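Everything on this sheet refers to the single structure shown next.
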Amino acid sequence: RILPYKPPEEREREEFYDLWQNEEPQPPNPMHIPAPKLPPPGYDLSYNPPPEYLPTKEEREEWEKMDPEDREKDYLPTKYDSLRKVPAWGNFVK
Amino acid sequence: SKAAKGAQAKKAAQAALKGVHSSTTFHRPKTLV
Amino acid sequence: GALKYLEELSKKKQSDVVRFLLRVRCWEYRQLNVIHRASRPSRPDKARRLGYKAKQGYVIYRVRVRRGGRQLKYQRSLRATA
Amino acid sequence: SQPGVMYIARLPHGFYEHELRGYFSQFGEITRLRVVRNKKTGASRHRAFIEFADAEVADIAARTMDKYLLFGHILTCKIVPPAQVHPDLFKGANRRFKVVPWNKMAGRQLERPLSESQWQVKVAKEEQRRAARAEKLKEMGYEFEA
Amino acid sequence: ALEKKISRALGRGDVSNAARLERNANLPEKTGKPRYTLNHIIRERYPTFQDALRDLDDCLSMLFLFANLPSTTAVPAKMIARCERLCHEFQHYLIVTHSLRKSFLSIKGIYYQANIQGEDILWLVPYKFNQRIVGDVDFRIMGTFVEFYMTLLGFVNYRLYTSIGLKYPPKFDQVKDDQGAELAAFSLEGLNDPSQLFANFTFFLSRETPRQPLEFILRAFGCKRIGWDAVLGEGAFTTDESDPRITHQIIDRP
Amino acid sequence: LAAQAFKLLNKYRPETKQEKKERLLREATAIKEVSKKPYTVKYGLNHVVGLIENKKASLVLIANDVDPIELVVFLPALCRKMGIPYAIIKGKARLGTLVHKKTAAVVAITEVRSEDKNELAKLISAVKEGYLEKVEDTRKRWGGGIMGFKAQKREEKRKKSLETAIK
Amino acid sequence: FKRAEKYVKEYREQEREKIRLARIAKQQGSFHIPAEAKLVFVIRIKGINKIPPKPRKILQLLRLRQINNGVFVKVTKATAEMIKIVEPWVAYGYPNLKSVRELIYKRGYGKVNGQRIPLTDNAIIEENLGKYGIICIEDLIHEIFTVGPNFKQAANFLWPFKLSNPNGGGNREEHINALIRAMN
RNA sequence: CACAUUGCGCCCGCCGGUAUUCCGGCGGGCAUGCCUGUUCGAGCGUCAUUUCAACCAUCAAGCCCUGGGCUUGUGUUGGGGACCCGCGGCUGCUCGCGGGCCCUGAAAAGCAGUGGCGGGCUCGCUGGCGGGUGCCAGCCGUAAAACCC
């Protein structure tokens with residue numbers, strides 16, 4: 001009726017399924033407003049983009065000088081000669 | 001001088017014997033229902 | 001034997017300790033309601049002797065009734081009224 | 001200007017000069033302090049004397065730490081009356097008592113070479129020591145040669 | 001109520017009862033799994049595997065970022081390890097199925113697009129660096145998101161592996177994990193254009209190249225014979241750079 | 001003194017219900033497949049008073065906040081009469097968490113182990129000197145009468161309202 | 001307010017570091033370790049408050065000033081002496097490759113002009129180092145793990161790793177990996 | 001809830017009508033005193049909270065005449081008693097170093113005495129030099145060194 005004594009070391013030593021097991025299509029409710037998907041990455045983002053996209057030094061200076069949360073785009077294209085020279089993005093987590 | 005010394009001695013005594021640890025209106029708090 | 005010590009102490013009522021306790025406790029009861037739940041017996045020896053057990057189900061309620069007479073004398077007691 | 005002398009006894013091992021100074025300077029202002037130690041070995045005799053600037057401070061400290069249990073030691077803090085304070089009691093106060101290897105000194109003194117002409121007149125003197133040994137051995141009955 | 005009881009026992013000093021009530025509380029700090037079971041929430045949010053695949057975008061973005069991120073109180077070390085394990089398992093499914101389609105390199109990191117059951121799935125993985133945590137970044141919100149998406153991706157991987165026929169979860173060895181096998185620490189056993197591009201080749205990775213991205217890409221599109229320097233970790237087919245039976249070798253040194 | 005007494009008594013705390021059940025299960029399993037006398041802190045007013053009258057208690061600790069007080073008001077006098085060292089500690093909850101309850105009005109140490117006999121004897125000496133000497137100095141006098149500024153001023157007001165002209 | 005209990009406590013403690021240091025000095029080379037030039041991670045943790053001058057200087061040299069710090073050191077004879085001296089205040093062991101990767105990537109920083117800079121670009125890596133041939137973070141990892149000629153410069157470049165208190169988690173050999181997992 | 005009018009509130013859910021918002025209807029609920037328990041609390045009611053913990057070598061290295069033995073591994077509360085000794089100084093008396101016997105709760109009421117190297121402090125002379133210092137939780141044994149930097 002009751003389990004026998006078992007030592008603490010043995011107790012510590014001793015101590016998945018399909019969610020859609022019965023899956024059926026359901027009507028879509030009309031109050032749900034799905035969040036828009038993020039736009040695909042563009043030609044500006046690549047580390048070695050086509051050279052026409054790159055900004056000039058004066059535009060880069062203005063971009064760096066102007067305060068954050070005030071820009072049309074949150075980045076400027078930058079050409080790098082190699083992936084080792086490609087640095088980590090500063091605002092990834094933010 | 002003497003008052004400061006006496007106050008320091010009394011403060012040390014109290015620390016040794018007891019340790020160092022030592023709007024306006026009222027409404028019924030909203031408890032969980 | 002603590003209940004025996006309390007029995008003798010309660011027999012000594014006008015003694016200084018018991019008189020002091022009865023005074024400050026009478027003031028408390030006068031500040032409280034006329035009938036109120038008492039969390040525990042104020043006289044545990046008397047309660048256990050009269051049959052109070054510390055189970056779930058035994059409740060103690062304290063009550064104050066005005067003393068005196070109605071020159072007519074009531075046949076029942078203030079205990080019965082309480 | 002009333003100096004106050006307190007006698008502290010039953011001191012735990014490790015309740016030495018600097019610990020005493022720190023604790024009783026938390027209580028007040030310590031002018032002089034001297035533990036009692038053996039000259040033979042630099043070991044405390046479990047008592048000390050603290051001379052405070054203020055008599056009231058000394059009295060408060062003694063009353064607070066009289067019967068204090070510290071590391072299995074019931075301390076003994078009592079104020080010495082000024083009539084019973086011996087005038088040179090803090091003779092080695094505030095100084096650092098040093099541990100001297102007296103045994104090592106006596107040794108290297110024994111192995112230090114020196115002209116033993118006096119040690120040989122002392123060989124004659126320890127021969128009269130043997131004469132005393134002989135007179136105490138006459139009751140014994142043991143005769144020994146040289 | 002359980003937390004109040006734990007504090008109550010701890011404030012009394014009953015350490016054994018505190019520990020028992022803690023194992024009853026099932027803290028993420030020890031378990032490595034989310035504190036609450038969110039199975040019914042996932043089931044009601046996505047009544048269809050297609051909907052699950054459609055939010056798998058942000059699921060993978062979250063999970064790769066927090067598999068790369070350091071450890072905090074909101075998201076513990078064991079939970080981060082589980083995030084990494086789930087991401088690696090999803091990568092194995094992509095490698096086996098050749099579901100990976102397109103890739104991209106940007107100043108933002110690396111973008112991957114795959115196609116699972118007709119749905120395009122994108123996600124961004126940061127470069128292997130020390131990601132900066134500056135400003136008022138609240139990890140508790142991101143911790144809640146991480147728990148939700150960990151449960152979601154776990155169920156998604158189960159369904160994927162069961163559909164393909166491989167057994168879930170894959171066997172995972174702490175020995176090679178410690179010796180640094182990353183994706184090479186999982187052995188996939190069964191239950192009882194894409195795959196030709198680099199199939200009959202042999203690749204070697206130098207010490208200056210991104211091992212995890214390059215290995216993912218090559219395993220996804222065919223190359224079954226890949227090696228790297230011993231520093232990069234275990235699982236390399238050949239560690240000797242001098243070995244002449246190597247077709248291509250990757251260099252990013254001046 | 002509270003810390004030292006509670007060090008010894010924490011070494012001699014009694015078993016929890018979980019620990020007792022685990023022990024009994026251990027011996028039952030052993031029997032399916034000869035012990036010394038346990039030493040614990042004694043608690044309960046009737047048990048402790050019996051120990052005191054039988055001079056089995058070596059140390060007694062009495063909580064200060066017992067209500068009704070009459071349950072422990074005689075205990076210091078009884079302990080002094082029987083010659084048993086006693087002390088009054090701030091805490092029936094401290095005492096009751098020393099035991100595995102909500103409140104202990106009084107606890108006692110009767111016998112300890114040989115590893116702690118000297119510690120117990122030293123605690124007896126410390127308690128008796130550094131508490132019983134001061135309470136022997138001040139235990140037979142009345143307490144209270146801690147009149148503050150407001151109370152004393154009210155009393156000059158009363159005295160000047162009564163003793164001056166009319167009563 | 002400091003208590004007499006504490007005063008006696010540090011007195012007896014300091015007595016025991018004095019005795020232990022005396023034994024180590026007299027049996028110089030007490031630690032019976034086979035002669036191998038390998039890597040050990042050393043984590044400064046909580047210990048006895050009053051550190052004697054010699055362990056204090058050794059901790060200063062090893063940059064283990066603050067509690068919960070981490071340093072990579074090669075096992076030489078002087079290093080073995082220093083670790084045996086400062087054993088009470090440190091936990092040391094043999095790191096594995098995954099731990100090295102996690103420490104350098106997740107909690108890796110760099111020293112420039114006496115300023116902590118996070119290891120965010122191989123540009124700063126190859127600007128500080130690189131005259132020694134260290135072009136990338138994985139080259140730094142290569143030196144540290146497979147200790148090379150330039151381990152000293154690699155170690156001086158890496159700022160001490162400021163770990164976190166174990167969130168529910170002498171020579172410990174491979175279990176320092178578990179400790180690093182707990183604090184990383 | 002309400003002289004009870006087949007009228008009006010609030011919570012959860014459902015049904016029918018152009019219905020996510022509107023109308024009507026339907027179902028399950030919402031009295032007081034008190035008991036036991038659950039959970040959420042309030043109190044210038046009371047208490048605890050600056051951690052008196054473990055942490056030598058539960059065996060190692062070197063050896064010998066090959067298998068046993070040896071060596072090294074420095075670690076001791078204090079005080080007292082016309083008691084019994086051994087060796088160093090002292091003209092001598094005696095004083096030290098180590099033992100033999102006994103007593104005492106981890107007990108206690110001046111007795112402090114041995115020469116130095118470095119560092120700290122301070123004063124004079126021309127950063128430097130020379131003097132002092134009941135100071136060293138630094139060492140050593142008499143010079144000096146080490147530590148230090």
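Residue numbers begin at 1 in each chain, while the letters A, B, ... track the order of the sequences. FYI, side chains are in, hydrogens and waters are out, and symmetry mates aren't considered; it's all heavy atoms of this structure.
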Exercise. Just grab all the salt bridge (charged side-chain N to carboxylate O under 4.0 Å, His left out) pairs involving residues 149-159 of chain F, residues at least two apart or on different chains.
Key: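 For residues 149-159 of chain F, and leaving out neighbouring residues, the salt bridge (charged side-chain N to carboxylate O under 4.0 Å, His left out) pairs sorted by first residue read F:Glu155-F:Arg158, F:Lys159-F:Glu163.
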Practice problem: Write out all pairs satisfying salt bridge (charged side-chain N to carboxylate O under 4.0 Å, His left out) with one or both partners inside residues 41-57 of chain F, taking only residues at least two apart or from two chains. | Solution: none
Quiz item: Among all residues two or more places apart in sequence or in another chain, which pass the salt bridge (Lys or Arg N to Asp or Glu O under 4.0 Å) test with E:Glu29?
Solution: none
Exercise. Take D:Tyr7 and D:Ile50, measure what side-chain contact (heavy atoms from CB on, under 4.5 Å) needs, and give me the verdict at the end.
Key: CA-CA 7 Å; D:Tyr7 165 60; D:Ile50 311 165; over 6 Å; no
Quiz item: Stepwise, does the side-chain contact (heavy atoms from CB on, under 4.5 Å) test hold for G:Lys50 with G:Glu13?
Solution: CA-CA 8 Å; G:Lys50 184 177 183 292; G:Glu13 271 175 333; over 6 Å; no
Do the side chains of [Y] and [X] get nearer than 4.5 Å, heavy atoms only?
X        : Y        : value
C:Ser10  : C:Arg43  : yes
D:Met65  : D:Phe27  : yes
E:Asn17  : F:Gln18  : yes
F:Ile88  : F:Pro76  : yes
F:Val106 : F:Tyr43  : no
F:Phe74  : C:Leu6   : yes
F:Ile89  : F:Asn64  : no
F:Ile109 : F:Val112 : yes

Looking at [X] and [Y], would you say the former's side chain and the latter's main chain have a donor-acceptor pair under 3.5 Å?
X       : Y        : result
F:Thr16 : F:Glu19  : yes
C:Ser15 : C:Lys12  : yes
F:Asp65 : F:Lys92  : yes
C:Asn33 : C:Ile35  : no
D:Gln26 : G:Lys2   : yes
E:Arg12 : F:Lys101 : yes
D:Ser25 : D:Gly22  : yes

Nearest atoms (heavy-atom pairs only) where [X] meets [Y]:
X        : Y       : result
F:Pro14  : F:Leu98 : CD-O, 4.4 Å
F:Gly130 : F:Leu1  : O-CD1, 4.3 Å
G:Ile67  : G:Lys46 : CG2-N, 3.7 Å
F:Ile52  : F:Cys79 : CD1-SG, 3.7 Å
D:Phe71  : D:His73 : O-ND1, 3.1 Å
F:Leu132 : F:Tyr86 : CD2-O, 3.6 Å

More than 12 foreign heavy atoms under 6.0 Å from [atom1] of [X]: is that the case here?
X       : atom1 : answer
C:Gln14 : CD    : no
C:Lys55 : NZ    : no
C:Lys13 : NZ    : yes
G:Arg12 : CZ    : yes
C:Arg48 : CZ    : no
C:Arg66 : CZ    : no

Practice problem: Evaluate ring pair (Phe, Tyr, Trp, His ring centres under 6.0 Å) for G:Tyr7 paired with D:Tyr16, printing each intermediate quantity in order. | Solution: CA-CA 9 Å; G:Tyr7 274 112; D:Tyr16 293 158; over 10 Å; no
To the nearest 0.5 angstrom, please state how far the [atom1] atom of [X] sits from the [atom2] atom of [Y].
X       : Y       : atom1 : atom2 : answer
B:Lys5  : D:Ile60 : NZ    : CD1   : 12.5 Å
F:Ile84 : F:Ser58 : CD1   : OG    : 8.5 Å
C:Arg40 : F:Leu71 : CZ    : CG    : 9.5 Å
C:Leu50 : C:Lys46 : CG    : NZ    : 5.0 Å
C:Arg25 : C:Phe20 : CZ    : CZ    : 10.0 Å
D:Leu75 : D:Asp66 : CG    : CG    : 9.0 Å

Determine, for [X] against [Y], whether the closest basic-nitrogen to carboxylate-oxygen distance falls under 4.0 angstrom.
X        : Y       : answer
C:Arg19  : C:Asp16 : yes
C:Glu8   : C:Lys11 : yes
F:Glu133 : D:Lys67 : yes

Quiz prompt | F:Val48 and F:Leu45: CA distance, side-chain angles, deciding distance, side-chain contact (heavy atoms from CB on, under 4.5 Å) verdict | solution = CA-CA 5 Å; F:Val48 165; F:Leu45 294 174; over 6 Å; no
Practice problem: Answer yes or no for C:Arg62 and C:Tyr29: cation-pi contact, defined as NZ/CZ to six-membered ring centre under 6.0 Å and angle to ring axis within 45°. | Solution: yes
Quiz item: Under 6.0 Å from the six-membered ring centre of F:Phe6 and within 45° of its axis: does the NZ or CZ of F:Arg94 meet both?
Solution: yes
Does either side chain, that of [X] or that of [Y], offer a donor lying less than 3.5 Å from an acceptor on the other one?
X       : Y       : answer
G:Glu5  : D:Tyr68 : yes
E:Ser16 : E:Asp14 : yes
D:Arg10 : D:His46 : no

Quiz item: With ring centroids as reference points, do F:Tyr12 and F:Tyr39 lie under 6.0 angstrom apart?
Solution: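 No.
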